[PDB]
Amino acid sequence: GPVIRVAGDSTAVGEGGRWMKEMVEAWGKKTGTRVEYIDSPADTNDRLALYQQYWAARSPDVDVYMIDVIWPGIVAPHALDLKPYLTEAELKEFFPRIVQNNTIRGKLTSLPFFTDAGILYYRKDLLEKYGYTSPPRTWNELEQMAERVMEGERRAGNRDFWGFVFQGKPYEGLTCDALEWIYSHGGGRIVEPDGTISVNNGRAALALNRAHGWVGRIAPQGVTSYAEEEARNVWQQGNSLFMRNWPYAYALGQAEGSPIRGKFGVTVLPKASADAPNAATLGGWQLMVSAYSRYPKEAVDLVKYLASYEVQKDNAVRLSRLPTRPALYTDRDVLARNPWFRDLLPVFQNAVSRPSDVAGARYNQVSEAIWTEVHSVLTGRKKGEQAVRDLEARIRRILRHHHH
């Protein structure tokens, strides 16, 4: 009978690919259906390019794709409309914001699978050691704490010790980190939901200059090549006071044999001042049935299973990834394992989106402009003032004649 083939997540990032393959194999065993897992590269933008090869070919060789929150507007032609397959009551079990994000010109492109938001990981043991009682609320405080803890840990002999790690590589992950910097300085959303390209302002420029000032000082020089896992590995080995990353890093840091198990907490990222908005970039992944799948019925069944209460529960408990079902945030087992899901729920609800709705199918070009200009500041090639002006000009060219 049919073989249902899935491309989603990556064995190169944490446990997500291994866990995805496991969930797909469980469905195949439960239903008596043959399945195959196709692995993907680590970085989202690399996955998009890979999957676009299949889509350009109208290839039947993948039935189900795990797609990024930033993609519906790009991938919609390649998605089977799921709306007719779900009742209104079934669809209401997901966060409406994400269902809306995944709905493009009426087509429900994909089911919400897990959500995501950028957060601050902090070493609680080190804060205590150096006399700090709370994680930093401002970027200035983050810098001051990192300098002091770094000075002390270096003097005690840890050559590998840094104050802060984050994603500074030129790829989509840096657009995520940079939105957070800019928004948390009161510099706006780069491109506003109304279409206004707002990034050429002094607050955005200051945000980028500040981030440059970390490189080689409180963050490793090599941070400009770090994606999620490079940051996580310095952190997880016990070599960074602070890290910006997503929820998945938490369960991995708590695993038996982690050097940092029991030594960290999480909180909202810091911001420029008390009246700036909190910034947590919205992430998350969705489950799409290919428009080119020969087996839409079986594929939809697998997608419903993956997005079900019990599979999302397993994702939350074992992988610390955020459900897209509000009911799971009150589940006793979810919360006992990850209490911070409750503490940070308002951070997740107020997460700031990248400009994927307003850029639509041009989002990947916009993001590439953003990450390359931001990177030029991190590498010291340009100051923030020049980079935001240049970025404005680039985005204006990219979105000229685009209406939303």
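Start at 1 and count along the sequence shown; that's the residue number.
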item: Higher-scoring stretch by recorded Cα B factor average, 40 to 48 or 56 to 64; value: 56 to 64
item: Per the entry, higher mean C-alpha B factor between 228 to 236 and 157 to 165; value: 157 to 165
item: Largest Cα B-factor, entry values, listed residues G186, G262, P270, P247; value: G262
item: Top Cα B factor in the deposited entry, candidates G173, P96, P77, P112; value: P96
item: Relative C-alpha B-factor of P323, binned into the chain's lowest, middle or highest third; value: lowest
item: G106 - Cα temperature factor, lowest/middle/highest third of chain; value: highest
item: Record-listed C-alpha B factor of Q349: chain third; value: highest
item: Ranked against its chain, the third holding the CA B-factor of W340; value: middle
item: Where the record places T281 (Cα B-factor, split into thirds across the chain); value: lowest
